[PDB]
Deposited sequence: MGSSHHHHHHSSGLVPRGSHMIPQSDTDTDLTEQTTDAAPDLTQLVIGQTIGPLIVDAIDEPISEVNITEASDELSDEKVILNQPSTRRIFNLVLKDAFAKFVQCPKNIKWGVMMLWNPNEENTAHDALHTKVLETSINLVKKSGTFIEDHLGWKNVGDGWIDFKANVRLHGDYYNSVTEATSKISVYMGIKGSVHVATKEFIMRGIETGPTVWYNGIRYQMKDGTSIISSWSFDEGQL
């Protein structure tokens, strides 16, 4: 297990470089009447890390959050399920800030800064680590028809692992792939 607790910006550690070191329950979400009456979407955030990162820090390659987002006059977020690699019930999905406007025909266009978190327990070291994903999302909602369109991720996703932002040694992302498609776990 590498010691990742005393790092500085710019350092190389194994196959990685350190880019940064200072990381930045409503009843409504569980009421099928609210879900019926409001624009909502159920999505999976599927994260696949590169092998060299995953093996080095001893964190599994594939992490998934099953989430819901709901628009309710505003943007409400909830983790429904996580992949079995994350500590049970440790997943969180939070909206930090939101901007929106009416664009006519009863549509609203929005951008939000959101973050996912979860804990991972290493059974060899018996230590728990924190995974964080920051992203800026864009969407559109139509309250009358209850339509919620996810129009993509504009900033991020940016992964922090135990409060450190890594890149590969060659400056590329530690992420192999990600998706934020409709679905549930």
property: Gaps in the model, given as deposited-sequence positions counted from residue 1; result: 1-38, 63-70, 120-127
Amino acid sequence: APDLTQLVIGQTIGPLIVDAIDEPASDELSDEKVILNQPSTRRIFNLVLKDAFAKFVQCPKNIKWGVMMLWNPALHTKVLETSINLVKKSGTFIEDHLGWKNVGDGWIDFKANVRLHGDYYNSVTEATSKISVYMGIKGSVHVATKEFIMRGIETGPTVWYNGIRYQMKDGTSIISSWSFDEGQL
From here on, numbers count along this sequence of modelled residues.
property: Of 46-54 and 133-141, the stretch whose C-alpha atoms average the higher B-factor in the entry; result: 133-141
property: Average Cα temperature factor in the PDB entry - higher stretch of 32-40, 57-65; result: 32-40
property: Peak C-alpha temperature factor (PDB record), options 112, 74, 87, 94; result: 74
property: Third of the chain, ranked by Cα B-factor, where residue 149 sits; result: highest
property: Residue 123 CA temperature factor, ranked by third within the chain; result: middle
property: Residue 25 CA temperature factor, ranked by third within the chain; result: highest
